[PDB]
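Single-letter residue listing:
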Amino acid sequence: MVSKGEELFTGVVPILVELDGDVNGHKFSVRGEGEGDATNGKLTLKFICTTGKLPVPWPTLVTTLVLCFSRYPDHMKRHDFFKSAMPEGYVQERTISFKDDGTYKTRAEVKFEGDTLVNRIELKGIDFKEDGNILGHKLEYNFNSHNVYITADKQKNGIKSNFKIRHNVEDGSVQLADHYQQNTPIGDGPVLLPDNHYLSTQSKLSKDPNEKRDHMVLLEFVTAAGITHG
């Protein structure tokens, strides 16, 4: 263990995710539950739209809806900001710019509440096109594999990332979603600020055959990489 936080992730940890959103005035909420295991990088989550029909495509919410569950290899343990901020946790903020379309702005807190790792999010979506790929639900129900580059932000005692997500569109085109991210500790205890590296992601989206509500099942693996050794 190279942070106290890391001790909270030696096994499987239950997860709760709660999102309250407003996209072009369309208000919706999501709740998810499941579990994560940073020892193998595996996340299993099922989300429900609790307000009815989700007014945006599920794949557009994957990144918003717990990088503390990334598998950091043994030689990279000292570069794991996310666990080091636990249990008090961190604020994760993004701007997600959909190319030629609207923008999501998100603020989340990721922290332990009791024994559960909780990701609680506020999302505001603006300037979407009524007949665009998002509000028009033109995006395929799938998700690509990405590298998400992590850099220290010494001024804010946290990290930052920017990355592009490529959403497949039903007409064979691609909808780009350019992510800019910042994470900052909730607490004022010490955290690990990393050397430059990246997280390798892969996600599989599916449906629960017994679930009649609008929902998404997610199976994800996230592994850290990119440090020559230490």
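With respect to the overall build of the protein
Part 1: Within the protein one finds one helix and eleven strands.
Part 2: Listing each helix as α and each strand as β along the protein from the N terminus yields β-β-β-α-β-β-β-β-β-β-β-β.
Part 3: Its C-alpha atoms give the protein a radius of gyration of 17 Å, near enough to 17 Å, the size a compact globule of 230 residues would have.
Part 4: Projected onto its principal axes, the C-alpha positions of the protein cover 50 × 35 × 30 Å.
Part 5: Taking all 230 residues of the protein together, 52% fall into the buried category.
Part 6: If you sum the accessible surface of the protein, you get close to 10,800 Å²; carbon and sulfur atoms cover 46% of it.
Part 7: Of note, the protein has its 28 positive side-chain charges centred 2 Å away from the centre of its 32 negative side-chain charges.

Describing the packing of aromatic side chains
Part 1: In the structure shown here, the tally under the stated rule is nine aromatic pairs.
Part 2: Centroid distance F9 to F69: 5.4 Å. Interplanar angle 70 degrees. Geometry classified as edge-to-face.
Part 3: By relative accessible area, which is 3% here, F9 ends up buried.
Part 4: Pairing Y104 with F128 gives two aromatic rings, centres 5.4 Å apart and planes at 50 degrees, and the pair type is tilted.

What to know about the pairing of strand β11 (residues 215-225)
Part 1: Pairing between strand β3 (residues 42-49) and β11: seven bridges, direction antiparallel. Bridged to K42 within β11 is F221.
Part 2: Of the strand pairs in this sheet, strand β10 (residues 197-206) and β11 are connected by nine bridges, and their pairing is antiparallel. The residue bridging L205 from the neighbouring strand is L218, located in β11.

Concerning the pattern of salt bridges
Oppositely charged side chains are able to pair whenever their charged atoms sit close together.
Part 1: Across all of its chains, the model carries eleven salt bridges by this definition.
Part 2: Notably, a salt bridge pairs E18 with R120, separated by 2.9 Å at the nearest N-O pair.
Part 3: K111 is the salt-bridge partner of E109, the closest N and O atoms lying 3.0 Å from each other.
Part 4: Residues joined in a network through salt bridges with shared partners are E18, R107, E109, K111, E113 and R120.

Notes on the sheet that holds strand β7 (residues 147-153)
Part 1: One closed barrel accounts for eleven strands, arranged β1-β2-β3-β11-β10-β7-β8-β9-β4-β5-β6; its pairing is mixed. Across the sheet, the mean angle separating the axes of adjacent strands is 20 degrees when strand polarity is ignored.
Part 2: Here β7 pairs with β10 via four bridges, running antiparallel. Its bridge partner being in β10, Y149 is matched across the sheet by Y198.

Describing the side chain of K83
Part 1: Looking at where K83 falls in the secondary structure, it is placed in helix α1 (residues 81-84).
Part 2: Within polar-contact distance, the side chain of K83 engages the backbone oxygen of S70 at 2.9 Å.
Part 3: Residues contacting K83, with those up to four places away along its chain left out, are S3, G5, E6, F9, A38, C68, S70 and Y72.

Quick notes on the nonpolar core
Part 1: Of all hydrophobic cores here, the largest spans 57 residues; its most connected members are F28, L65, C68, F82, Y104 and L117.
Part 2: Sorting elements by how many residues they give to this core places strand β1 (residues 13-23) first, with five residues.
Part 3: Setting aside residues no more than four positions away along its own chain, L117 makes contact with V13, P14, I15, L16, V66, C68, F69, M86, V110, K111 and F112.

Considering the side chain of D80
Part 1: Among the secondary structure elements, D80 is positioned in the loop between β3 and α1.
Part 2: There is a polar contact of 3.2 Å between the side chain of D80 and the backbone nitrogen of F82.
Part 3: Polar side-chain contacts of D80 include one of 2.7 Å to the side chain of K83.
Part 4: Not counting the four nearest positions on each side in its chain, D80 is found in contact with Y72 and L192.

Considering unusual backbone geometry
Part 1: Omega for the bond connecting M86 with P87 falls within 30 degrees of zero, at 15 degrees, which places this linkage in the cis form.
Part 2: Relative to the elements of secondary structure, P87 occurs in the loop between α1 and β4 (90-98).
Part 3: A positive phi angle is found at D127, which is not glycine, with a value near 65 degrees.
Part 4: Counting through the fold element by element, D127 comes out in the loop between β6 (116-126) and β7.

Reading the values: the criteria
- Residues numbered from 1 in each chain as written, not as in the entry; some residues may be left out.
- Heavy atoms only, no water.
- Helix = DSSP H or I, 4+ residues; strand = E, 2+ residues; numbered from the N terminus.
- Rg over C-alpha atoms; globule rule 2.2 N^0.38 Å.
- Buried < 20%, exposed > 50% of the residue type's maximum accessible area, 1.4 Å probe, protein only.
- Areas by Shrake-Rupley, 256 points an atom, 1.4 Å probe, with all protein chains shown as cover.
- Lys, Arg positive; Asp, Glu negative; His and termini not counted.
- Charge placed at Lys NZ, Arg CZ, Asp CG, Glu CD.
- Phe/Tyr/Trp six-rings, centres within 6.5 Å; stacked < 30°, edge-to-face > 60°.
- Pairing = 2+ DSSP bridges.
- Salt bridge = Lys/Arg side-chain N within 4 Å of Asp/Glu carboxyl O.
- Axes fitted to C-alpha atoms, helices over the stretch in contact; angles between N-to-C directions.
- Polar contact = N/O pair within 3.5 Å; in protein donor to acceptor, adjacent residues only side chain to side chain.
- Contact = heavy atoms within 4.5 Å.
- Core = buried A, V, L, I, M, F, W, Y, C linked by side-chain atoms within 4.5 Å.

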